[PDB]
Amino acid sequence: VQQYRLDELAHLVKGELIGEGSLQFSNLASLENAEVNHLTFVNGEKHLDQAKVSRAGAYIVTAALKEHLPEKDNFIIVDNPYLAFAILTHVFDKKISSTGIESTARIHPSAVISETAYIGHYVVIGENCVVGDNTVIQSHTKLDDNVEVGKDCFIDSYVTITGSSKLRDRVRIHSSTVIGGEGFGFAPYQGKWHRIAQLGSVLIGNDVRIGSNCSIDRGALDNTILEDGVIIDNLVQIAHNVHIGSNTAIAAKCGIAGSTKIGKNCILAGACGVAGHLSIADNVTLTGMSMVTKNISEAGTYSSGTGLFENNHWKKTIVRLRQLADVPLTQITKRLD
């Protein structure tokens, strides 16, 4: 494909070069599958063994790791090889330098589209819409009236941006997601449900990522807010009026119900469920499949689940669980006449 010298690659991550700076490199690769023209990284000493044996031509390493790799000659020394790696993934990433407006697209005459944005085939952009510089909007995607997309944004295919959602800069949203959809609002009467119109929108901050097949609903009256730097994997449900604080990560298949606020720097593992009208403090980490039903006021790590059981062990465990309510537990832990 296309080649990079080691010296350039070390300079790019602002690291100390060791070994022949003029060596060619085609790609990044894992320890196991790397070859000579491949640059790789050693993430802590758990991976020393795979490193020692790797056929990779150079190594992104910590200084205390370089000492444990005499077998090897060419290095890039940095304090955080993982972040240096992360930077360089983009150098090797094959880039979409595409620009201009595909003639099958339907852009309402009132919309402002930067001359360096890309609008895909069969994209539809409505009244008062704005798409910023170097923004990429892929094919079939639709932008409803009054939707604004900032700079350096990536929006893939079959994404719906509606409810006049407003997106800042460096926002990326993957295929088949819905931003700004009509949330689940229903009033009961005569044992039937009256639909509640949904009159709010969505604010989406800078540097925010959203996976595929996600549903981010627009607020019922105010806004659903995804603060700066929030990251969200595939198949997440974010209900109306959810407010997600800065740099919070939400793993695949989490569900955050209506009007809940999640603090800054929170980490939710796969398939957590958070009920409605709750606050979750800053710096809360929830492990896989946590069911949150009350508030969380203290920072920390929280969990729910029974863990894994062999099936028979399980069957008997849950029979004994069913019996616990009839057992006075603490009133025997200290019962001795």
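Quick note: we count residues from 1 along the sequence shown, nothing fancier.
Averaged over CA atoms, B-factors in the entry run higher in 49-57 than in the other of 265-273 and 49-57. Taking the mean C-alpha B-factor of each stretch as recorded, 87-95 and 166-174 are not equal, and the higher mean is that of 87-95. Ranked against the other modelled residues of its chain, the C-alpha B-factor of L286 as given in the entry falls in the lowest third. Sort the modelled residues of the chain by CA B factor and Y122 lands in the lowest third. Split the chain's modelled residues into thirds by C-alpha temperature factor. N312 is in the middle one. Split the chain's modelled residues into thirds by C-alpha temperature factor. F184 is in the middle one. Ranked against the other modelled residues of its chain, the C-alpha B-factor of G191 as given in the entry falls in the highest third.
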